[PDB]
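Presented below is the structure to which this report refers.
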Amino acid sequence: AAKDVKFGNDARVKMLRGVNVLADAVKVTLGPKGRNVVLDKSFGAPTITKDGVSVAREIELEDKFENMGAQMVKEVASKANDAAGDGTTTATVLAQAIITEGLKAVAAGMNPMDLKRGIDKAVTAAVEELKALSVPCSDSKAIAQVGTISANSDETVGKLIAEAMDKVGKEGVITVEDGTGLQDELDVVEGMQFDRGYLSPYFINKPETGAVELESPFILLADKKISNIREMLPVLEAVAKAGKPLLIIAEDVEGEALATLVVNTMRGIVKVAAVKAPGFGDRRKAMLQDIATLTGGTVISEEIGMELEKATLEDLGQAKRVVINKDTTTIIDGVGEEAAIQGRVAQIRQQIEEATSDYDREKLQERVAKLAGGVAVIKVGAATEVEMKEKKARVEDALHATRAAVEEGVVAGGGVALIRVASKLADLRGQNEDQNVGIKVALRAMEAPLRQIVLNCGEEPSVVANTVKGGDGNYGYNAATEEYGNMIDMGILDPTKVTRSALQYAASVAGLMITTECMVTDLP
Amino acid sequence: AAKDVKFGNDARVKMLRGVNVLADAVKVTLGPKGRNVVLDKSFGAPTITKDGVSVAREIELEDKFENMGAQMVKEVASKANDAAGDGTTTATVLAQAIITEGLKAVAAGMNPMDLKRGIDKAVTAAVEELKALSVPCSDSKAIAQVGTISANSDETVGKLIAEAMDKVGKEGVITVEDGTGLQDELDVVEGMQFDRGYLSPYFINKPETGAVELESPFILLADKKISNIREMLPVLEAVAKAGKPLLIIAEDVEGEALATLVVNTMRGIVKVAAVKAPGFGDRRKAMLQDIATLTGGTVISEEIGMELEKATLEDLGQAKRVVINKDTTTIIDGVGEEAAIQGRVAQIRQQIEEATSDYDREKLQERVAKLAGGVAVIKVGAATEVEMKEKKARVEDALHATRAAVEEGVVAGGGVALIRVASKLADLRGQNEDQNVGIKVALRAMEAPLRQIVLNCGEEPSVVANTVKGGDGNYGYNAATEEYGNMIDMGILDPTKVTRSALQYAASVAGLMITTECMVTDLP
Amino acid sequence: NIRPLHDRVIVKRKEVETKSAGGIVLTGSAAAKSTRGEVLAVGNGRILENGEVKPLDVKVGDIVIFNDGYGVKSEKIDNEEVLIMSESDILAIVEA
Ligand SMILES: Nc1ncnc2c1ncn2[C@@H]1O[C@H](COP(=O)(O)OP(=O)(O)OP(=O)(O)O)[C@@H](O)[C@H]1O
Ligand SMILES: Nc1ncnc2c1ncn2[C@@H]1O[C@H](COP(=O)(O)OP(=O)(O)OP(=O)(O)O)[C@@H](O)[C@H]1O
Ligand SMILES: [K+]
Ligand SMILES: [K+]
Ligand SMILES: [Mg+2]
Ligand SMILES: [Mg+2]
């Protein structure tokens, strides 16, 4: 359709007004004293949230140029949530401050391209200084503090996430889901815990629990679906000769074969039980082979060539314990070679590195946590649905912050890290004066997270920013108690990945936005 | 679409106006002197209701920010109805009072996050004090009083529900349905009373009633559907040798088999009667096994292995009496082992605990009541459809209140339980002054149910609140007689679960709502 | 023990060739069921229109080629799979 075209300072003012609207919506949540934002949902109750990415996503303005500004600065929070999962509010606070100060220098006649080059140089040096300033975060108390701070100073969430990471180890996978109670519940599972139940209700060895218990059972892995008892009849006879129980992981055991095997189960000759193979095509085979590696067995398939008729006891897998139930199944201490397990771990890690999709990579990480280590599920307990959503978002942010802490390290929180970085970058210079001014607006905008935290606390941002800049090291401002001290000692830690990602994405988008002169939108 | 964004006190005022609209619609029904609300239904006559959850559901406002407030505070009544089924009006009264007093402290410059923390601490301590203050409610007179009070002081409803729980016992299931008469009717059925009639009209042994009566009959449970007489022909011959009547519970009896068995019925060799198995797949087997456990028999199925040809008299179930009618079928004194019966109750109770869906869990509870205990159906009698709906809602609320009374206990009604709890929590303190103020607004808002009850009575809420606070123990205000006295002696009891749930959900939503600063909605 | 009747023969099918001529191992339908098998039991012989029994040209223990179809039947003797056919279904005897 027809277009409205704005040029120069008019377009810059409209875009900055949109950025200010989005950033003022976002930044009322920053810090521990930050407040919540209600987002109207056309389907369901409104969402009360303290995370900046949701309130950034929900912002869309009537003025098309202001809507441009809002969308472009919303990209900052979207990217910061995609990469680190935390610091979206900090990223938007940084992006707004670079844009306002960058447009001040743009209105001062300085070249926006050179300003963007200066911002990029300053933020590259800032990332280097953050990496130098960072301390690795491996101990449990530091992780608990990171999870607490990232969850609006909720010590319960931080300690629960610290315990979960301690339980599942470094290779473990932790996810957050809703709970039925009012309290946070941690559910840690070990070994293979694929979510398929028994094909028939009659396998139950323990009727008082509905769970089949198999002590040191054999494990058959059929990559094909079976409906006749003929094929594994030699295997069934060999198992009956051995006398140990047998568990089948197959694509489908149904009809005739299933009926005869449950009949043989209640006859007592074989304590057999069959369950469906997990996943779907191109994924079922890989983690079926993972189960085989864990249990020291081999998968029976037509592609690999051997049939169930020539399958023997050596072909079948081995574990010390097997638990069947309605929804899932647990295999405890599969008898497999350790070196093969680590080789499979390395292979799936290489697949993770080669994976360019979040879904495939997260499935591979889940498989790694299944075969090695454990899986933790955090049930968010809340009296109401809106508190469930708010607490779930906070726990997710805390989990992402703990993951970023172990990935890259921690720095002093509350924006003190960016303050120290900007203080260290005082002598950085560009190629010309416009680049130096861009560096200076980048350094000044690194004070924006601390200033906005103090503004949310109700104190004076200038006084506290100058006081923190006067101090050295991790000395900073406790925004909850409104005091001063070594931010590490008071447990206010920020993930280096979160702060660095927020700074980088804010700098990139903000430089691209201050470089603009003309904006072309649709007419109202 | 484009968004309107409101910040700070403007957004808080709009949200509070919406909350006030919903809560003023809801709270005109609180107490015995509370009035009714007419809700327009686009399909059918308007609904006159005294329950606060229907009024809360039907409130939606033109102003989008006020509509946010309305939906958020409607979540309180929705959650209170989902959890306890009663006290939705009390929950909305509590939620509104916390929000108004919380926003008063928010406007007073106090930190909303610390106010929410104080409210949560005060309400946790309040739940503890309600649990300490509660007395278990097992006697029939207390149950009758709870059902009466929860049904707008209707003694007939309370005494009917007390008689129903006395008849069906603790394991029984009681439900409310529309009646054809003008009076309330109680219909209690014992044993298995699944709702399938005879497959053919000619089975009727008693033509003057249309009901087949079988005295000490054999029962055959066919999981599969049968269309040929050959399979149970050995069983039919064995039954004819025994001479006792036989009842079939099958998936379907049709065609040649059905014709052969009805012909043999009117020939007098066997007194057989075949009916459909209840329910559908994955639930039919479980309740068929329940019938087998009750009658001491075994279900014939292909999965279990034994066929109808190999079925014998020992395989068939045994009962003392069987009644067949057009819609249902009653089995009286099924001859089964008691220990197996209680093991089945334990298994289905474990399934109930594992069940996370209301439909599946209520079907399991209905199965438990069928196998052990009884099932009561209360027919609501009213001269008109609108009175039918109103009386049905009142009886449903009374039933939920009696269930909560046996589940958790009872306390003094009329909001005096919350008054005593707030009096006990006078010395509770938070981590700072904002948390202490949040505790204080929680304690003050616990007086809101009593104050709104007095307001509905037309008296002065402050005088009565001070008079009740001056008293100790269960001394309180009879709102029907406008008198004072021991509320337990006066028969005004509230379920501890109902009051505690109302307080908890009101506190959670109200704290989350007072924490807000910005609200983002669609443009009008 | 099983011995057949009239003009029919009891034959154990030879093992399927797992590997092809040049060392290529065939599996599945490539390892198709062998038409050759050793003779386990020979019947008395064909009965003609005159009622005389004419002894069969096949002998016990000789590898022969059989044609699978409606004529051939499957059976299990001492937990081993054998095939049942008539002398017409037997194509030829393998010698040397
Ligand atoms: N008690 C505290 N004292 C000082 N600074 C604090 C305190 N608690 C949190 N902070 C700081 O607040 C900053 C941002 O907090 P918050 O979690 O609200 O924002 P965010 O991470 O930018 O947001 P989002 O979850 O939307 O990504 C962090 O830099 C953190 O160090
Ligand atoms: N005669 C009475 N004297 C004093 N208090 C009474 C009397 N009858 C009822 N009440 C009190 O009235 C309060 C609320 O009554 P009502 O049943 O109308 O509301 P509710 O249970 O909050 O609402 P809803 O059915 O919508 O969930 C209860 O706390 C109850 O103890
Ligand atoms: K935030
Ligand atoms: K009411
Ligand atoms: Mg955050
Ligand atoms: Mg009520």
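Residue numbering for chain A follows Swiss-Prot; the residues present correspond to positions 2-525, in that order.
The deposited model was determined using electron microscopy, 3.4 Å.
Heads up, the Cβ atoms here are built off N, Cα and C, so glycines get one too.
As given in Swiss-Prot:
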{"type": "BINDING", "residues": "A:30-33, A:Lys51, A:87-91, A:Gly415, A:479-481, A:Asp495", "note": "ATP binding site"}
{"type": "MOD_RES", "residues": "A:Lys34", "note": "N6-succinyllysine"}
{"type": "MOD_RES", "residues": "A:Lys51", "note": "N6-succinyllysine"}
{"type": "MOD_RES", "residues": "A:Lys117", "note": "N6-succinyllysine"}
{"type": "MOD_RES", "residues": "A:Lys117", "note": "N6-acetyllysine"}
{"type": "MOD_RES", "residues": "A:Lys277", "note": "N6-succinyllysine"}
{"type": "MOD_RES", "residues": "A:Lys321", "note": "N6-succinyllysine"}
{"type": "MOD_RES", "residues": "A:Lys390", "note": "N6-succinyllysine"}
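All features noted in Swiss-Prot, drawn onto the structure.
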residue  : record            : Cβ contacts under 8 Å, 6 or more apart
A:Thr30  : ATP binding site  : A:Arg36, A:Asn37, A:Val38, A:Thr50, A:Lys51, A:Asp52, A:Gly53, A:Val56, A:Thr90
A:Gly32  : ATP binding site  : A:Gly415, A:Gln453, A:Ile454, A:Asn457, A:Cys458, A:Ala480
A:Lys34  : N6-succinyllysine : A:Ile454, A:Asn457, A:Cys458, A:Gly459, A:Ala480, A:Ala481
A:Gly88  : ATP binding site  : A:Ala81, A:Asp495, A:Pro496, A:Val499, A:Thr500, A:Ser502, A:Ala503
A:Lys117 : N6-succinyllysine : A:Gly103, A:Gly439, A:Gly512, A:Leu513, A:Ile515, A:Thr516
A:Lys277 : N6-succinyllysine : A:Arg197, A:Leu200, A:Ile250, A:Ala251, A:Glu252, A:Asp253, A:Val254
A:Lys321 : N6-succinyllysine : A:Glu216, A:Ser217, A:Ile333, A:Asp334, A:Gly335, A:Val336
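Less than 8 angstroms from the CB of A:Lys390 (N6-succinyllysine) sit A:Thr48, A:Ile49, A:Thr50, each of them six or more residues away in the same chain. Ranking the binding-site residues A:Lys51, A:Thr90 by C-beta neighbours within 10 Å puts A:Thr90 at the top.
Chain B has a C-beta under 8 angstroms from the C-beta of A:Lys34, taken from the recorded positions A:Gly32, A:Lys34, A:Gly88, A:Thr90, A:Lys321, A:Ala480. The Cβ neighbour count for A:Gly415 (ATP binding site), using a 10 Å radius and every protein chain shown, is 28. Candidate recorded positions: A:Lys34, A:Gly88, A:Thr90, A:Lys117. Those with a Cβ under 6 Å from ligand 1, in sequence order, are A:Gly88, A:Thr90. Around A:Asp495 (ATP binding site), a 10 Å sphere centred on its CB holds 30 further CB atoms from the protein chains shown. Of all Cβ atoms in the protein chains displayed, 24 besides its own lie within 10 Å of the Cβ of A:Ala480 (ATP binding site). Checked against ligand 3, the recorded positions A:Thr30, A:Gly32, A:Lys51, A:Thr90, A:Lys117, A:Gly415 give A:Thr30, A:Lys51, A:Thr90 in sequence order as having a Cβ less than 6 Å away from one of its atoms. A:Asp495 (ATP binding site) falls within a strand segment according to DSSP.
According to its DSSP assignment, A:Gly415 (ATP binding site) is coil.
In the three-state DSSP assignment, the secondary structure recorded for A:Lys277 (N6-succinyllysine) is strand.
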